[PDB]
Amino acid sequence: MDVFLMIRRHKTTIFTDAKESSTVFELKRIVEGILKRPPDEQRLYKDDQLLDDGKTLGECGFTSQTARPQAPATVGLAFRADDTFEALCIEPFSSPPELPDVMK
């Protein structure tokens, strides 16, 4: 029933949870509470694909098998600036060092 997500934009990551039954619009409403941008200033994505407001999270492909507490599914986020949405841009996390010789 529950889906666990990372809503990412540039250097920002929101860790949140929702139901498989909740809509993409309800998710935009969670973001609005946190980042103070209304849903109409938001574009949500799954693997560079635009998510429709009326669709449930389950219908988008976010399930208890793909969106886990220990391994959350990533949702992309693009904001609207001067009536134009920016290109979807997600900054990668830092890279770990090369595995030590004793760990091989």
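By rigid core we mean the largest C-alpha set that fits within 1.5 Å across both forms. Note that residue numbering begins at 1 and tracks the sequence as displayed.
**Q** How do 74 to 82 and 26 to 34 compare in 6 other deposited structures of this protein: which one has C-alphas farther from this form after the rigid core is matched?
**A** Checking 74 to 82 against 26 to 34 in 6 other deposited structures of this protein, I find the farther stretch is 74 to 82.
**Q** Superpose by the rigid core and compare 83 to 91 with 17 to 25; which one moves more, by C-alpha RMS, in 6 other deposited structures of this protein?
**A** Checking 83 to 91 against 17 to 25 in 6 other deposited structures of this protein, I find the farther stretch is 83 to 91.
**Q** For the higher mean C-alpha B factor in the entry, choose 91 to 99 or 11 to 19.
**A** For C-alpha atoms only, the mean B-factor is higher in 91 to 99.
**Q** Averaged over C-alpha atoms, is the B-factor higher for 33 to 41 or for 58 to 66 in this PDB entry?
**A** Stretch with the higher mean C-alpha B-factor: 58 to 66.
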